[PDB]
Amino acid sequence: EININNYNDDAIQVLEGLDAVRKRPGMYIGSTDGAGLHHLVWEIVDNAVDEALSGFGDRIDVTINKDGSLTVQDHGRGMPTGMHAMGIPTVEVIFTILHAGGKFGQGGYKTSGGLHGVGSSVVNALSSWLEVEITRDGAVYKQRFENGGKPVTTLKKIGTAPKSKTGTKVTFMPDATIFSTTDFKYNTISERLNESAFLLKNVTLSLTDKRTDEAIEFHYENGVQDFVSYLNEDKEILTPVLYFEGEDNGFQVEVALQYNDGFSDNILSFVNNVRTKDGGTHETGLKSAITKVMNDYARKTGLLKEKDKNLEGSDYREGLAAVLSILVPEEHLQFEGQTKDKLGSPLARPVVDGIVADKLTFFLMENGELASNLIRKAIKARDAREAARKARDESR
């Protein structure tokens, strides 16, 4: 028996690929509650988005099936349908081998949200079954896996299609012995597809729920500008939609900003179309550029006098809605963790900072009345903050 007094070579165990995912799902998807369940949806949708980001496919359709499984169909290039160098179908490599993919800089993708080579295989590992259908060159191919990613068929030709059609259809049943819930939630998926649609010009994303026969689709022509208008939808706005974009050594930056009459700071950031809810270097560059340029404008126009302190970043972000979307070349791309909630790529900070600072400095100079109103707004925010502080300290 293995115990603390018998700690020898058989006390060390090696978990084969997908078994490690099933044993330690928290390392790969963060949690095994509803947030982790929907993470599986995001891995499959993100792979369809990456095809669209490289130019392939104009529709991504998600279906919640009546049995509770979930399907994602795209019209991208399809997965490669041949034999892989390691002696199994490439499709089976994609779904069964961790750190196996096409987004390590080889050239099959332009900038993509995918980069670790694990998402599809993680979905397969954490599903009681998974099926994939690839359409390419007049044929449809299928492979099925069960019980956490074990192939039960090879990749087989199952039908034909028009010669020019292409795409990938993935259906999976999340493993009810892993997750505390396997109930996919319409609104959770709907909100995420809506966000993704803002970032993919003229791609339609849709959700159909066969459990209740409800469906919704999303399509936007104007990217982050439409997104900012959506954020301020149920609010009174105090400014037009400001739009800033630029490029820098393979990086691309787009940002839309608009003030509402509220006092909340509502900044959403994205890297290669992946939501980074916890921000990171790109959000840091945006926030720094705003504060530095607005303070410089305030001071050089005398709205902040010689004796006044600079305003705080939070003063300028009161009532601000902003959407920041950047594209980062694969060679510079670095996320914190499989969940990709934060961007670590150091170059994104000067990239975003430089582009935003340049465009905003010019915008303030050309729109002086709006600029001074924005500063006066931030000064009133400072006054309210300092009034609250004085009352809090006096109460104490």
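Position 1 is the first residue in the sequence shown; the rest follow in order.
Judged by mean Cα B factor in the deposited record, 159 to 167 ranks above the other of 122 to 130 and 159 to 167. Of the two segments, 5 to 13 and 378 to 386, the one listed with the higher mean B-factor is 5 to 13 (C-alpha atoms only). Ranking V274, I290, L98, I267 by Cα temperature factor from the entry places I267 first. Ranking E283, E217, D248, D296 by the C-alpha B-factor listed in the PDB entry places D248 at the top. When the modelled residues of the chain are ordered by their C-alpha B factor, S180 lands in the middle third.
The deposited CA B-factor of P329 belongs to the middle third of values across its chain. Per the deposited record, the Cα B-factor of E92 falls in the lowest third when ranked against the other modelled residues of its chain. The deposited CA B-factor of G36 belongs to the lowest third of values across its chain. Per the PDB record, residue ranking by Cα B-factor puts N222 in the highest third of the chain.
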